[PDB]
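To be precise, the following lines are work_4.cif, and they hold mmCIF, C-alpha atoms.
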data_protein
loop_
_atom_site.group_PDB
_atom_site.id
_atom_site.type_symbol
_atom_site.label_atom_id
_atom_site.label_comp_id
_atom_site.auth_asym_id
_atom_site.auth_seq_id
_atom_site.Cartn_x
_atom_site.Cartn_y
_atom_site.Cartn_z
ATOM 1 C CA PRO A 1 0.000 0.000 0.000
ATOM 2 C CA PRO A 2 1.182 3.551 -0.748
ATOM 3 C CA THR A 3 2.351 5.961 1.928
ATOM 4 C CA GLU A 4 -0.627 7.802 3.428
ATOM 5 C CA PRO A 5 -0.482 11.591 2.966
ATOM 6 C CA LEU A 6 0.154 13.723 6.035
ATOM 7 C CA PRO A 7 -2.861 15.343 7.718
ATOM 8 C CA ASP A 8 -3.435 19.068 7.083
ATOM 9 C CA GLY A 9 -0.923 21.471 8.612
ATOM 10 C CA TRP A 10 1.859 18.875 8.902
ATOM 11 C CA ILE A 11 5.166 18.673 7.026
ATOM 12 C CA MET A 12 7.903 16.042 6.958
ATOM 13 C CA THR A 13 11.522 17.179 7.145
ATOM 14 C CA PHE A 14 14.801 15.590 8.198
ATOM 15 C CA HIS A 15 16.489 16.176 11.517
ATOM 16 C CA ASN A 16 20.295 16.520 11.607
ATOM 17 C CA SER A 17 20.441 13.050 13.191
ATOM 18 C CA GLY A 18 19.347 11.647 9.820
ATOM 19 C CA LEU A 19 15.858 10.682 11.031
ATOM 20 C CA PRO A 20 12.614 12.145 9.647
ATOM 21 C CA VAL A 21 10.600 14.441 11.891
ATOM 22 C CA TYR A 22 7.037 15.614 11.439
ATOM 23 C CA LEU A 23 6.108 19.186 12.308
ATOM 24 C CA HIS A 24 2.671 20.696 12.732
ATOM 25 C CA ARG A 25 3.678 24.200 11.737
ATOM 26 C CA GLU A 26 0.947 26.244 13.443
ATOM 27 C CA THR A 27 1.200 24.590 16.865
ATOM 28 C CA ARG A 28 4.987 24.026 16.607
ATOM 29 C CA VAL A 29 4.411 20.407 17.637
ATOM 30 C CA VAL A 30 6.799 17.668 16.526
ATOM 31 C CA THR A 31 6.550 13.887 16.396
ATOM 32 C CA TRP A 32 9.167 11.355 15.266
ATOM 33 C CA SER A 33 6.593 8.905 13.831
ATOM 34 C CA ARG A 34 4.524 9.756 10.745
ATOM 35 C CA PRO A 35 1.146 11.176 11.857
ATOM 36 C CA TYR A 36 -2.081 10.129 10.129
ATOM 37 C CA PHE A 37 -5.782 10.956 10.035
ATOM 38 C CA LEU A 38 -7.751 8.422 12.064
ATOM 39 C CA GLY A 39 -11.158 9.859 11.228
ATOM 40 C CA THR A 40 -14.027 7.666 12.389
ATOM 41 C CA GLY A 41 -11.673 4.749 13.018
ATOM 42 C CA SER A 42 -11.363 3.223 16.491
ATOM 43 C CA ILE A 43 -8.329 4.607 18.315
ATOM 44 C CA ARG A 44 -7.804 1.329 20.188
ATOM 45 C CA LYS A 45 -8.761 -1.181 17.494
ATOM 46 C CA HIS A 46 -7.852 0.247 14.065
ATOM 47 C CA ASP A 47 -4.913 -1.066 12.046
ATOM 48 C CA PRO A 48 -2.361 1.740 11.585
ATOM 49 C CA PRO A 49 -1.070 2.521 8.080
ATOM 50 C CA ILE A 50 2.267 0.854 7.366
ATOM 51 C CA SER A 51 4.147 4.167 6.996
ATOM 52 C CA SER A 52 3.137 5.145 10.546
ATOM 53 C CA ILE A 53 4.041 2.024 12.483
ATOM 54 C CA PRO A 54 7.000 2.526 14.814
ATOM 55 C CA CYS A 55 9.749 -0.058 15.364
ATOM 56 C CA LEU A 56 8.163 -3.403 16.383
ATOM 57 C CA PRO B 1 14.743 14.336 33.169
ATOM 58 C CA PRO B 2 10.973 14.014 33.673
ATOM 59 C CA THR B 3 8.569 13.144 30.879
ATOM 60 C CA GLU B 4 7.546 16.295 29.001
ATOM 61 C CA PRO B 5 3.795 17.005 29.121
ATOM 62 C CA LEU B 6 1.808 16.558 25.924
ATOM 63 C CA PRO B 7 1.020 19.681 23.881
ATOM 64 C CA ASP B 8 -2.523 21.092 24.126
ATOM 65 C CA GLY B 9 -5.301 19.021 22.572
ATOM 66 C CA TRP B 10 -3.368 15.734 22.728
ATOM 67 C CA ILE B 11 -4.039 12.648 24.854
ATOM 68 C CA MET B 12 -2.088 9.431 25.366
ATOM 69 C CA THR B 13 -3.977 6.136 25.343
ATOM 70 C CA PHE B 14 -3.076 2.511 24.685
ATOM 71 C CA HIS B 15 -3.773 0.688 21.460
ATOM 72 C CA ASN B 16 -4.939 -2.949 21.621
ATOM 73 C CA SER B 17 -1.479 -3.976 20.377
ATOM 74 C CA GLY B 18 -0.123 -2.901 23.773
ATOM 75 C CA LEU B 19 1.675 0.175 22.403
ATOM 76 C CA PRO B 20 0.863 3.770 23.402
ATOM 77 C CA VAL B 21 -0.760 6.011 20.814
ATOM 78 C CA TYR B 22 -1.149 9.769 20.892
ATOM 79 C CA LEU B 23 -4.355 11.355 19.632
ATOM 80 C CA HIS B 24 -5.036 14.980 18.817
ATOM 81 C CA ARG B 25 -8.739 14.840 19.557
ATOM 82 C CA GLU B 26 -9.999 17.776 17.474
ATOM 83 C CA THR B 27 -8.194 16.862 14.246
ATOM 84 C CA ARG B 28 -8.498 13.081 14.834
ATOM 85 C CA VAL B 29 -4.775 12.775 14.102
ATOM 86 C CA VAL B 30 -2.720 9.970 15.634
ATOM 87 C CA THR B 31 1.003 9.418 16.092
ATOM 88 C CA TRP B 32 2.806 6.436 17.641
ATOM 89 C CA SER B 33 5.650 8.549 19.102
ATOM 90 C CA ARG B 34 5.051 11.028 21.935
ATOM 91 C CA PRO B 35 4.495 14.513 20.450
ATOM 92 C CA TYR B 36 6.098 17.588 22.025
ATOM 93 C CA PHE B 37 6.102 21.373 21.768
ATOM 94 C CA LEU B 38 9.149 22.561 19.842
ATOM 95 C CA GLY B 39 8.441 26.258 20.288
ATOM 96 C CA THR B 40 11.291 28.474 19.125
ATOM 97 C CA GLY B 41 13.657 25.504 18.943
ATOM 98 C CA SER B 42 15.329 24.557 15.658
ATOM 99 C CA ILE B 43 13.449 21.733 13.943
ATOM 100 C CA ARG B 44 16.660 20.351 12.424
ATOM 101 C CA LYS B 45 19.113 20.994 15.260
ATOM 102 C CA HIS B 46 17.271 20.730 18.600
ATOM 103 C CA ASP B 47 17.752 17.778 20.943
ATOM 104 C CA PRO B 48 14.425 15.937 21.331
ATOM 105 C CA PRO B 49 13.123 15.171 24.835
ATOM 106 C CA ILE B 50 13.956 11.635 25.944
ATOM 107 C CA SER B 51 10.293 10.547 26.145
ATOM 108 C CA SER B 52 9.826 11.411 22.455
ATOM 109 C CA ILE B 53 12.806 9.688 20.886
ATOM 110 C CA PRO B 54 11.838 6.703 18.743
ATOM 111 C CA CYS B 55 13.785 3.426 18.638
ATOM 112 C CA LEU B 56 17.464 4.162 17.817
#
So, in terms of structure tokens, how does the structure I just supplied come out?
Amino acid sequence: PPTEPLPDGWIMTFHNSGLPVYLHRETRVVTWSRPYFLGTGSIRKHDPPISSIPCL
Amino acid sequence: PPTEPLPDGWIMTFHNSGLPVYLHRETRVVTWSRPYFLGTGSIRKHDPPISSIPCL
């Protein structure tokens, strides 16, 4: 399956460590795992998109 | 150093897989790594808080 697009307001860049980081520009919030839109999906039970799964 | 608080609008819960997930309630956006407020820090050069570093 293709990489899911980022949700609105987010951008992917690369940190000097060589790892990608994801910035929500307006809130200045960063995460080191690709964020995605859950929508009406179940937070506890949904299957995450492959591009967003962390190690494990 | 203590765990950094989540930014506004975010909540940590646990996915059925046993891993934590972080939900921004209003946008329905999820990430699997703890988000944090970067503020005036440099996106490329800042040192991330320990609780937000992914595997590696």
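Residues selected in this file by the PyMOL selection byres ((chain A) within 6 of (chain B)) comprise residues 15, 16, 28, 29, 30, 31, 32, 33, 35, 36, 37, 38, 39, 44 and 45 of chain A.
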Padded axis-aligned box of stretch 50-56 of chain A (4 Å per side), centre and edge lengths, Å, one decimal, as lines of an AutoDock Vina configuration file:
center_x = 6.0
center_y = 0.9
center_z = 11.7
size_x = 15.5
size_y = 16.5
size_z = 17.4
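Our summary of the geometry notes that atom CA of residue B:2 is positioned 25.7 Å from atom CA of residue A:26.
As for atom CA of residue B:3 and atom CA of residue B:51, they are spaced 5.7 Å apart.
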